Amino acid sequence: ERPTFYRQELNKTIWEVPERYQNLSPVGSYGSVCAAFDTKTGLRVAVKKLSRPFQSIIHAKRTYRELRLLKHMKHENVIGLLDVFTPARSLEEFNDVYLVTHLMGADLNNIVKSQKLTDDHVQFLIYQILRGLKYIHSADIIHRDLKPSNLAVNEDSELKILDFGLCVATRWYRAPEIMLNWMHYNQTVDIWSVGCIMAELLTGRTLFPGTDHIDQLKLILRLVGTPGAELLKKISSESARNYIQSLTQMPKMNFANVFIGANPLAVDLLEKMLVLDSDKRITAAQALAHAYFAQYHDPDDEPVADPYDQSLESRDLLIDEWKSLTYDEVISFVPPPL
Ligand SMILES: Cc1cccc(-n2nc(C(C)(C)C)cc2NC(=O)Nc2cccc(Nc3ncnc4ccc(N)cc34)c2)c1
Ligand SMILES: CCCCCCCCO[C@@H]1O[C@H](CO)[C@@H](O)[C@H](O)[C@H]1O
Ligand SMILES: CCCCCCCCO[C@@H]1O[C@H](CO)[C@@H](O)[C@H](O)[C@H]1O
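FYI, in the authors' numbering the residues of the sequence shown are 4 to 32, 35 to 172, 183 to 353.
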């Protein structure tokens with residue numbers, strides 16, 4: 004029942020895939038992606054060939070982690086795994102991993118650049134991000150790079166969260192605590208990102224268009240206000256505190272005056288996302304129950320992740336141990352229903 008593989012060279016990369024996958028066409032290059042046609046199903050898929058997956062410890066772990074994660078992501082608003090394969094017949098020759106998903110077209114960036122969004126459109130797009138994030142966050146995973154170009158939006162405005170490689184600067188959507196190199200992060204960093212995206216769908220422009228992380232920080236403080244005493248004290252570096260203290264003391268802007276033409280409920284939600292203290296930001300679960308989404312909110316259809324443990328950053332293993340765990344997951348993979 005092993006499929007028949009065929010070999011092919013594209014952009015100085017060898018691709019060896021099952022014959023069911025035809026018309027491979029490179030769309031991006035750590036892992037490179039081909040648009041392809043699944044002859045079995047008639048569907049357009051993306052095939053990602055991971056770059057040298059077991060050639061560094063960092064790669065081996067990431068490889069295992071992406072596979073184990075995606076094997077368990079089964080949600081309307083999160084990318085799912087259609088297939089996973091390797092040309093290896095044994096663990097001893099296992100050097101390559103390929104992941105297959107539905108092929109995405111436009112991202113959220115294509116939307117906001119192509120049109121001005123009505124409030125209902127903003128509602129549906131943001132609701133779907135939060136529903137997916139609720140699910141991702143429940144598995145104890147942080148996305149860390151939630152931005153419009155990582156958000157696929159199909160022709161009927163169905164949104165999926167994924168990692169789009171480099172197929183819009185990341186720093187525009189980054190919580191301030193990441194750019195301050197805070198060692199430990201809340202999932203709340205992603206909610207900061209949603210606030211930035213939501214603002215941009217309401218106004219049509221990047222909320223905080225920093226040219227670098229210092230500019231980025233200045234722009235942030237201009238809107239939310241410079242931190243108070245207790246926030247300041249959580250910043251352990253005196254030089255960092257001194258630089259922050261040295262900035263002209265910015266008052267907190269009134270979001271209702273800033274976003275003057277927006278739904279007052281969108282503005283209220285915005286205020287709850289873009290709070291400086293990460294402990295005080297609304298959660299995705301809480302956000303979903305916000306009155307802004309009363310049109311789309313259904314507490315019986317906002318599910319959470321299955322019970323598999325996906326908390327792996329803490330885990331230290333040997334390079335060949337990550338490969339063998341990865342091999343087990345490839346072998347035990349069972350393709351989803353239609
Ligand atoms: C540990 C780890 C490492 C790297 C990525 C992830 N990760 N995390 C996620 C979340 C569930 C947290 C959102 C998703 C990923 N990975 C992911 O999205 N992988 C993936 C797998 C197969 C294909 C693609 N990319 C394309 N797919 C579908 N059409 C395309 C159309 C054009 C292009 N250029 C790319 C594609 C992307 C996790
Ligand atoms: C968390 C600690 C934050 C402190 C970072 C302070 C770095 C900002 O100081 C720097 O000022 C330079 C002037 O010489 C400018 O080129 C830049 O705007 C800025 O990066
Ligand atoms: C330039 C000034 C920016 C202020 C940054 C404050 C960010 C506050 O968010 C902080 O996040 C940390 C990481 O999750 C948590 O440990 C802290 O308890 C929380 O207060």
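Just so you know, even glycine gets a beta-carbon here, dropped at the ideal spot from N, CA and C.
Just how far apart, CA to CA, sit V52 and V105?
-> Straight-line Cα distance between these residues: approximately 5 Å.
Would the C-beta of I229 count as close to ligand 2, meaning under 6 Å from any of its heavy atoms?
-> yes
Taking all protein chains shown into account, do 16 or more other C-beta atoms lie within 10 angstroms of the C-beta of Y35, making it buried, or fewer, making it exposed?
-> exposed
Ligand 4 heavy atoms versus the CB of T106: any closer than 6 Å?
-> Among the ligands present in this structure, namely ligand 1, ligand 2 and ligand 3, ligand 4 is not found.
Can you tell which of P351, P352, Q301, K338 has its C-alpha closest to the C-alpha of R70?
-> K338
Compare the C-alpha of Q128 against each of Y342, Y103, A304 and name the closest.
-> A304
DSSP puts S37 in a beta bridge; with which residues?
-> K54
Run of the beta strand (DSSP E) containing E12, from where it starts to where it stops | 8-13
Decide if the stretch 221-230 is in contact with the stretch 158-172; the criterion is three or more beta carbon pairs, one per stretch, under 8 Å apart.
-> no
Considering only residues of the same chain and omitting the five flanking positions on each side of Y188, which have a CB-CB separation below 7 Å?
-> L151, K152, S208, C211, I212
Below 7 Å between beta carbons: does that hold for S37 and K54?
-> yes
Determine, using beta carbons only, whether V183 and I193 come nearer to each other than 7 Å.
-> It is not a contact, given that the beta carbons lie outside the stated cut-off.
Sub-7 Å separation of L156 and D112 beta-carbons = yes
Taking 6 Å as the line, does the beta carbon of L291 fall inside it for any heavy atom of ligand 3?
-> yes
Between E253 and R73, is the Cβ-Cβ spacing less than 7 Å?
-> no
Inter-residue spacing [alpha-carbon to alpha-carbon] between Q11 and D315 = Rounded to whole angstroms, the gap between the alpha carbons of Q11 and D315 is 47 Å.
Ends of the alpha helix (DSSP H) at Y103?
-> Premise fails: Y103 lies in the beta strand (DSSP E), 103-107, not in any alpha helix (DSSP H).
Say the cut is 6 Å; is the CB of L353 nearer than that to a heavy atom of ligand 2?
-> With a threshold of 6 Å, the Cβ atom of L353 does not count as near ligand 2, since no heavy atom of the ligand is closer than that.
Just to check, is the beta-carbon of residue 2 closer than 6 Å to a non-hydrogen atom of ligand 1?
-> Any property of residue 2 remains undetermined from this structure, which presents the chain solely from 4 to 353.
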